[PDB]
Amino acid sequence: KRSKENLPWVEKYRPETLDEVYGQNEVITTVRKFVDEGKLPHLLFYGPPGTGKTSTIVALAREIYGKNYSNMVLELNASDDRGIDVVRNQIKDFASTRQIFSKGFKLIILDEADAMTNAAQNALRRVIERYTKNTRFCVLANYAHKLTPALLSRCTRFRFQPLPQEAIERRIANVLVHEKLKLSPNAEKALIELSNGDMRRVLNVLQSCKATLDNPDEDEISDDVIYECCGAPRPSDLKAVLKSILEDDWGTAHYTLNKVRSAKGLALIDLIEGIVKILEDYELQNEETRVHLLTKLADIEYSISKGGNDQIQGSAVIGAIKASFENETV
Amino acid sequence: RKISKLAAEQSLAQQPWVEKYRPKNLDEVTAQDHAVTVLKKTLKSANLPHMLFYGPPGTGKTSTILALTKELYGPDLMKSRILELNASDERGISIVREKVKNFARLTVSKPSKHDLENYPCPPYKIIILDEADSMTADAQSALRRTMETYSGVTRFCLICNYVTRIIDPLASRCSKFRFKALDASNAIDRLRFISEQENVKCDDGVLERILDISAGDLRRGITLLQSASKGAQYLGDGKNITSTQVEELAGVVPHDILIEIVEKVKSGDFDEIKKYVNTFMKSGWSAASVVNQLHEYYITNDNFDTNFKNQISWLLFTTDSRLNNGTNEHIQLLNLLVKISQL
Amino acid sequence: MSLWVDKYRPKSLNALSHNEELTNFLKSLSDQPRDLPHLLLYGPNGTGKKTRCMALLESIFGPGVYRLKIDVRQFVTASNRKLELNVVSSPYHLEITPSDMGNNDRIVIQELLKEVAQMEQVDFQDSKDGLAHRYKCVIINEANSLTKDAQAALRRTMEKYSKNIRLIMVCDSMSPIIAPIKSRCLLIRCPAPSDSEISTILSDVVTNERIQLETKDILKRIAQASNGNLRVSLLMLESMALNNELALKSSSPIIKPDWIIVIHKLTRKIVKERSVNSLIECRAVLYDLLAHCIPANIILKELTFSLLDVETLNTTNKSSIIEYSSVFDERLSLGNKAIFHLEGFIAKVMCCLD
Amino acid sequence: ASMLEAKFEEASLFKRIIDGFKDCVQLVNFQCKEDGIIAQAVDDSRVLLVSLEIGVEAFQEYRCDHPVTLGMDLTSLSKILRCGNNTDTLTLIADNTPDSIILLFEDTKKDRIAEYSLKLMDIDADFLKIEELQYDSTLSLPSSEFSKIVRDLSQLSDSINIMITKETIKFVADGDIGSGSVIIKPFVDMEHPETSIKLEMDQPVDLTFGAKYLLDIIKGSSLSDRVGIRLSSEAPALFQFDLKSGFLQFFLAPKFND
Amino acid sequence: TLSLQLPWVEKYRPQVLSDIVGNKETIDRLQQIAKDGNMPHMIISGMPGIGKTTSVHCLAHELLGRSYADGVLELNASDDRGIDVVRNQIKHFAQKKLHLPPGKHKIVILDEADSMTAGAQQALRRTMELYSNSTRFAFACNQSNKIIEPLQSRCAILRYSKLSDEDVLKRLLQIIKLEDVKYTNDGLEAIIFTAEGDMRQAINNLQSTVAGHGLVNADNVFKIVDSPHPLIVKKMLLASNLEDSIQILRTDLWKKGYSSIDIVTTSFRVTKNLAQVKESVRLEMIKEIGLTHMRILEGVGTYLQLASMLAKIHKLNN
DNA sequence: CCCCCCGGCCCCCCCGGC
Ligand SMILES: Nc1ncnc2c1ncn2[C@@H]1O[C@H](COP(=O)(O)OP(=O)(O)OP(O)(O)=S)[C@@H](O)[C@H]1O
Ligand SMILES: Nc1ncnc2c1ncn2[C@@H]1O[C@H](COP(=O)(O)OP(=O)(O)OP(O)(O)=S)[C@@H](O)[C@H]1O
Ligand SMILES: Nc1ncnc2c1ncn2[C@@H]1O[C@H](COP(=O)(O)OP(=O)(O)OP(O)(O)=S)[C@@H](O)[C@H]1O
Ligand SMILES: Nc1ncnc2c1ncn2[C@@H]1O[C@H](COP(=O)(O)OP(=O)(O)O)[C@@H](O)[C@H]1O
Ligand SMILES: [Mg+2]
Ligand SMILES: [Mg+2]
Ligand SMILES: [Mg+2]
């Protein structure tokens with residue numbers, strides 16, 4: 001902890017103010033309007049991993065209280081003990097007692113509340129209601145099915161969407177400016193494509209790419225660097241493999257698949273995912289083709305998830321695609 | 001009574017070749033440059049991120065992490081800077097909440113002057129959760145905020161064989177490193193070096209055959225090479241190891257038996273196939289090897305049409321999936337052969 | 001006294017009589033045992049895997065491996081339950097069967113094996129090289145029955161403590177063994193003895209035991225009915241000699257195990273009658289078989305291979321039977337209550353046959 | 001063993017100081033500088049703040065070359081501090097960028113040495129300077145009387161309400177089995193000034209507090225004979241115990257009135 | 001700003017029985033009891049946010065008046081309610097001597113009684129019987145089946161049903177008139193539609209929309225309350241072509257951030273209650289959804305698995 | 001020096017969808 005430059009990029013670039021959170025304009029604007037007018041309700045932030053829920057709530061707490069927010073808010077998470085006993089004593093006294101420093105209201109942040117037991121959630125029901133005059137509750141979640149209906153009924157819900165392309169591009173530009181790095185346009189497109197709307201993945205991949213360059217100052221990150229560091233198939237490889245499977249014979253298709261996979265040690269699962277993505281845009285005459293493709297490829301992916309023989313799995317992928325595409329003729 | 005303690009070098013000189021030739025530094029890793037270069041750059045960048053190593057067995061994940069720790073901290077400071085937990089240790093939610101968290105919260109051990117002068121000594125410790133895929137989902141979730149809150153003084157390394165077993169939040173929090181399979185095109189140099197240092201004499205292509213039989217596992221190849229060397233030394237004939245001996249030691253079915261099985265399948269008679277398979281299972285051949293050899297023979301044969309290959313690929317996939325669940329080999333092999341015979 | 005199957009067991013590598021190539025390979029392994037890797041012996045049941053493992057241990061350490069003692073070890077679970085494990089130990093090696101504790105077998109790997117591996121060899125066990133031995137052998141019998149958690153726990157123990165312990169795991173099939181464990185072991189195939197070798201062994205036993213054989217054809221018949229199982233062959237030879245006044249004639253009938261007779265009766269019942277009442281009756285037979293320590297997998301295998309031997313069934317029926325057998329074998333491997341899967345298999349076979 | 005070296009002639013003093021507030025907090029950051037040791041710690045519920053100060057005059061010898069911060073778990077520190085005896089000198093020793101703190105228990109007469117090492121923890125917390133406040137009421141009373149009153153009223157309820165008005169201080173509790181009210185008045189005894197009840201009231205005060213926190217705060221009565229209580233309507237209640245050189249302060253947030 | 005506006009759910013919480021909407025017969029019976037007295041042991045059950053706790057508190061107040069402080073013992077899930085508490089605190093309260101108006105009795109309120117352990121419920125049995133002459137018990141719960149039969153035998157049953165859209169509209173309009181909220185008819189219709197019979201949710205959504213956008217119309221209302229995902233899942237499962245179902249899955253659920261586990265659980269729940277489809281077809285769909293859920297729980301939560309599940313469901317109906 | 005009180009490990013039994 002000598003300096004912030006020793007931290008991983010995922011933690012070094014954590015937003016500190018609500019203005020540094022990108023891709024959630026609606027939620028940020030609404031929460032800022034609520035806070036400015038002094039009408040903050042009980043909040044629920046539901047979203048997928050790496051969307052900016054924890055960062056957003058921390059920034060909101062820092063804005064409401066300031067630099068010493070950590071001593072004014074009760075933050076609990078899965079790493080801590082959050083049983084019914086903790087709800088009955090710690091949270092209850094925190095909600096029923098005044099602030100030590102200032103004379104404002106009190107904030108309780110239950111991050112990863114989906115990991116809380118049902119008994120604790122039930123106990124929190126009356127805690128939220130009785131002390132609503134001076135206490136506010138924030139619940140952060142990735143899975144809504146783990147939250148009891150009673151708890152959901154007491155909170156106003158905000159959905160964090162997958163990060164749009166523009167926000168990721170702006171954050172990448174900021175990171176490049178800070179790190180004195182050069183990124184190619186195709187490299188940026190590939191980086192955004194493989195992120196799936198997760199900023200942590202983008203930051204980790206960019207940090208890995210910087211370490212790959214021999215001279216990070218005078219060198220630029222190209223699509224080749226991104227593909228090599230992550231060990232992911234290139235679009236050309238996927239196109240060639242699919243074309244060989246769809247138009248060539250069994251021997252040629254098998255040879256092409258093995259040659260493409262051995263040149264860079266590609267993983268079969270990545271090729272399957274890329275081919276599925278490519279085929280999702282195909283206009284097929286018969287629904288049987290789509291049904292067979294989806295079912296057989298899902299079965300192959302499930303089998304791969306448990307190991308098995310790689311060569312047999314690749315042959316199964318080839319055969320499944322070939323048989324499924326035979327329904328497009330009659 | 002008591003025995004005088006052995007030296008480290010002497011002890012290592014009598015260990016199995018897999019342990020004897022384990023990589024000692026990051027430069028000894030053979031075919032993981034895409035990640036080894038990134039890990040090596042951190043010795044000067046001093047910003048090591050949270051790592052998630054995943055890949056097939058025998059690719060060099062544990063060796064890579066051990067070498068990285070040794071290079072970062074050195075022989076003396078490594079012990080106080082590393083906390084290793086594997087499948088042989090209790091790793092429940094309680095352990096994560098108390099032991100792992102307490103270690104993460106602890107201040108980094110004070111480096112000595114010698115360590116600071118000879119090693120980078122990064123200002124953080126490392127927690128290595130080997131075989132992390134065996135941990136429950138709740139325990140994994142308990143690590144999410146511990147990873148981020150105390151990242152200033154602690155870094156996490158999760159090593160697994162099945163990446164899907166790691167909950168999405170942990171995978172997102174970790175920078176992912178995929179270890180590629182070690183084949184005859186990227187691992188021949190290491191096996192050749194090991195053979196040369198062991199004075200193992202083999203014919204041309206023997207090492208390539210060993211690596212092809214290993215199917216991505218360098219540990220298996222090294223063990224097979226050691227077995228072949230032991231056999232050759234016991235014979236004491238001074239001749240070179242041959243590919244047939246390697247195949248016999250690896251359990252590969254002779255090609256003649258494979259041709260007999262293929263002919264029986266071609267005949268199509270159920271009773272003859274059943275009798276031949278009953279006789280075949282008496283030799284102890286592993287079903288997985290037989291299925292792999294049948295796949296190699298059929299898929300790469302030009303004397304079969306497209307529909308036959310399409311059906312046989314799915315049949316082989318189903319048989320392999322069923323065998324992967326720990327099923328009776330006799331019944332599965334008989335079913336596969338009968339189904340192929342009726343194609 | 002001691003059964004002939006046990007009285008004439010070889011106690012050395014030079015006393016072996018079948019699969020000479022395997023004997024040569026084992027002798028090559030024993031020439032320089034200091035760097036011996038972990039071993040996994042796989043092959044058909046009743047072929048002599050344990051005998052060859054004991055012979056290898058005797059060659060490495062000496063006859064003292066055959067001086068065996070039995071002790072009891074206590075274990076405590078997370079629920080405070082107390083479990084007892086019977087440990088067979090010798091001055092040079094330790095034999096364990098963790099599957100005796102079922103789902104708790106992991107603890108045996110976590111505590112007992114860890115404790116043994118974290119202890120170096122200090123006793124002066126002088127070897128043939130003139131220097132004392134440095135590792136103790138551990139034999140994990142029925143390794144195929146270990147749960148995946150125990151196998152995962154075994155992974156790092158074999159690597160970190162390879163200098164103090166060397167593991168020898170004996171199994172009948174490698175399918176249940178996870179790939180990481182198979183990667184850490186040297187795999188040794190143990191083919192079943194040929195009929196001629198079985199006949200030679202049986203003739204030697206007959207000569208030593210003063211048994212009057214009308215002809216040598218009886219030994220061939222016994223060997224052929226054993227399907228390569230030498231233990232079964234020897235025990236059947238003993239059984240056939242105690243029912244004919246220690247004199248075997250060419251008309252002496254082959255004695256089958258009682259459970260085999262019950263399974264054949266069940267097969268005939270299934271073939272003759274295909275009805276719900278027949279299934280209800282067969283459920284009683286299945287429960288009766290399962291209540292007398294007859295494994296479900298063995299029952300399924302024997303039923304499948306007895307149904308396939310019926311001469312009145314056509315090819316389609318046999319194909320359906322084998323497919324259903326494969327499916328329900330997978331179900332048994334992935335299930336807990338075996339009677340459910342067995343009843344389902346019998347119902348499907350009845351439906352297909354009718 | 002150069003950077004920080006502080007000697008307590010009697011090891012009972014530091015053990016008593018730790019005993020006073022070990023049940024209120026677990027993780028504490030002790031900052032040692034040329035002028036002594038200062039620490040603050042907020043409890044898990046963020047209801048109570050403990051501030052300890054020990055000056056250089058409470059040490060037989062004290063040398064702190066540069067400011068240092070030591071994060072410690074009070075449970076382990078208390079466990080270590082119950083090893084030494086009351087007749088041994090206690091030396092706290094720390095080095096540059098320390099990772100552990102050394103406790104030396106010395107018995108010169110028996111020439112006996114005991115060394116313990118406690119691993120430090122990386123605690124991220126800032127020294128929250130407590131701005132001086134003009135309190136509405138300020139009183140001082142013997143520690144034993146306050147401890148007895150708190151213990152007595154804690155049985156009858158989980159909350160204790162304190163009223164300060166003209167020349168009277170009232171402690172009230174109301175629960176299920178009954179209620180209780182203790183009334184005390186200012187008084188001074190020239191013969192025994194240690195039992196005097198002193199009060200200075202600017203505005204009347206009425207504040208309710210949790211009994212569990214008061215029961216933990218009264219545990220500091222073993223460090224001083226008198227306790228000072230400063231109360232205000234718009235500030236946390238301050239309970240101060242004065243040591244020979246430093247002090248121990250408890251800032252307790254009153255319960256919301258509703 | 002360090003100030004908080006009081007939520008309308010608390011600012012406008014009914015204080016008398018006449019201000020509660022829905023369950024007219026039950027509320028009338030409660031008023032009749034409050035008038036005559038002799039309150040019996042009762043258990044009030046219903047779905048969340050319909051006015052059970054409010055009704056209990058209003059009845060207790062209307063019955064006890066100025067004695068509410070001493071004559072009411074209220075316990076909920078946030079308070080300790082073990083066997084020891086029942087045997088010591090509740091017993092002491094029941095045995096306490098309190099002079100009340102001629103036809104009044106002490107009240108013990110046990111909110112969320114469904115979370116109590118069986119031991120405490122068993123212990124309460126004789127306490128209720130031996131002190132019924134001075135004390136009466138009112139339980140409030142969501143799942144009445146979790147109350148042991150011996151306790152149900154000693155208490156009257158009051159089951160509360162969903163509030164009709166008319167009652168929700170009435171209360172929302174009253175609050176709007178008492179708050180000078182500018183609204184449009186479509187906005188109130190959307191609020192009622194998303195509320196799904198929950199008054200608390202409706203009021204919270206109205207307050208959030210007013211504080212965030214000001215004008216309560218359909219557009220602003222839908223910017224605060226998102227479209228219920230169960231209805232989107234039902235549309236996905238009822239689609240004719242596989243392409244339409246896959247489009248619904250990709251555009252409305254997957255790209256919006258909904259997790260695969262949530263999607264599969266909602267699909268199972270919706271399929272279980274799809275009366276339009278025959279029971280056997282629903283059973284096959286449930287088997288397929290269960291297979292997909294088991295695959296997801298093992299770690300493979302990919303979009304391909306959901307697409308395969310949809311393809312199998314469509315194949316079942318073909 | 002010895003008795004009473006009352007908080008703190010250990011232990012054992014019962015749920016687990018909605
Ligand atoms: N909207 C965003 N804008 C900028 N950076 C972001 C954003 N969302 C995530 N990040 C980056 O990702 C890191 C982690 O963000 P978090 O908000 O903690 O993840 P998350 O949304 O909480 O995911 P879960 O639900 O905890 S798994 C931050 O420190 C940023 O570097
Ligand atoms: N990349 C490599 N370079 C050199 N030797 C290797 C490499 N990978 C494996 N080996 C050899 O195989 C032995 C075992 O390697 P490990 O790294 O322990 O296996 P692994 O990658 O951990 O497989 P799993 O996941 O633990 S089953 C090493 O001691 C080496 O002798
Ligand atoms: N029938 C109703 N008439 C008027 N307002 C109501 C009604 N039901 C609920 N509300 C409002 O919603 C708030 C919460 O209702 P409650 O009755 O306290 O919750 P609930 O019905 O007990 O739900 P559960 O089961 O306890 S989670 C009340 O304070 C009112 O503002
Ligand atoms: N080489 C041999 N010569 C004579 N008898 C043998 C030989 N190998 C095995 N047997 C006999 O076969 C029987 C079964 O062998 P066993 O050790 O059970 O094999 P496995 O371990 O494969 O089951 C033993 O009782 C033994 O007497
Ligand atoms: Mg988060
Ligand atoms: Mg490893
Ligand atoms: Mg309530």
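So you know, we letter chains A, B, ... as the sequences are listed, proteins then strands, and number each from 1. Reckoned from all heavy atoms, side chains included, excluding hydrogens, waters and symmetry mates.
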Length of the [atom1]-[atom2] vector between [X] and [N], whole Å:
X: E:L297; N: F:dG16; atom1: CG; atom2: P; answer: 19 Å
X: A:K146; N: F:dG17; atom1: NZ; atom2: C1'; answer: 13 Å
X: E:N145; N: F:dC18; atom1: CG; atom2: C1'; answer: 10 Å
X: C:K82; N: F:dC11; atom1: NZ; atom2: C1'; answer: 11 Å
X: A:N118; N: F:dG17; atom1: CG; atom2: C1'; answer: 10 Å
X: A:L147; N: F:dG17; atom1: CG; atom2: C1'; answer: 16 Å
X: A:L151; N: F:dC18; atom1: CG; atom2: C1'; answer: 16 Å
X: E:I148; N: F:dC14; atom1: CD1; atom2: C1'; answer: 15 Å

Considering heavy-atom distances to DNA chain F, does D:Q155 or C:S79 have its closest nucleotide positioned more toward the 5' end?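 Taking each residue's closest nucleotide, the earlier one in sequence belongs to D:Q155.
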With sequence neighbours left out, what residues match B:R165 under side-chain contact (heavy atoms from CB on, under 4.5 Å)?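 Per chain and number, B:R165 pairs via side-chain contact (heavy atoms from CB on, under 4.5 Å) with B:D133, B:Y162, E:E298.
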For E:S115 and E:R81, does a side-chain donor sit closer than 3.5 Å to a side-chain acceptor?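 The criterion, which ignores hydrogens and geometry beyond distance, is satisfied for E:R81 and E:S115.
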When you check the side-chain N and O atoms of D:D174 and D:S157, is any donor under 3.5 Å from an acceptor?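 Distance-only check fails for D:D174 and D:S157.
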Distance-only check: which donor-acceptor pairs under 3.5 Å involve side-chain atoms of residues 82-90 of chain E, not counting sequence neighbours?
residue	atom	partner	partner atom	Å
E:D84	OD1	E:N88	ND2	3.2
E:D84	OD2	E:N88	ND2	2.9
E:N88	ND2	E:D84	O	2.7

Per-residue pairing states of DNA chain F in dot-bracket (Watson-Crick or G-U under 3.5 Å; . unpaired, | other strand) read ..................
Taking any heavy-atom pair under 4.0 Å as a contact, classify E:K272: base, sugar-phosphate, or nothing.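 Result for E:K272 = nothing.
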Do the side chains of E:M285 and E:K272 get nearer than 4.5 Å, heavy atoms only?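 They are not in contact (no side-chain heavy atoms under 4.5 Å apart), so the answer is no.
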Report yes if the side chains of C:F75 and C:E111 come closer than 4.5 Å at any heavy-atom pair, otherwise no.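 With C-beta onward as the side chain, the pair touches.
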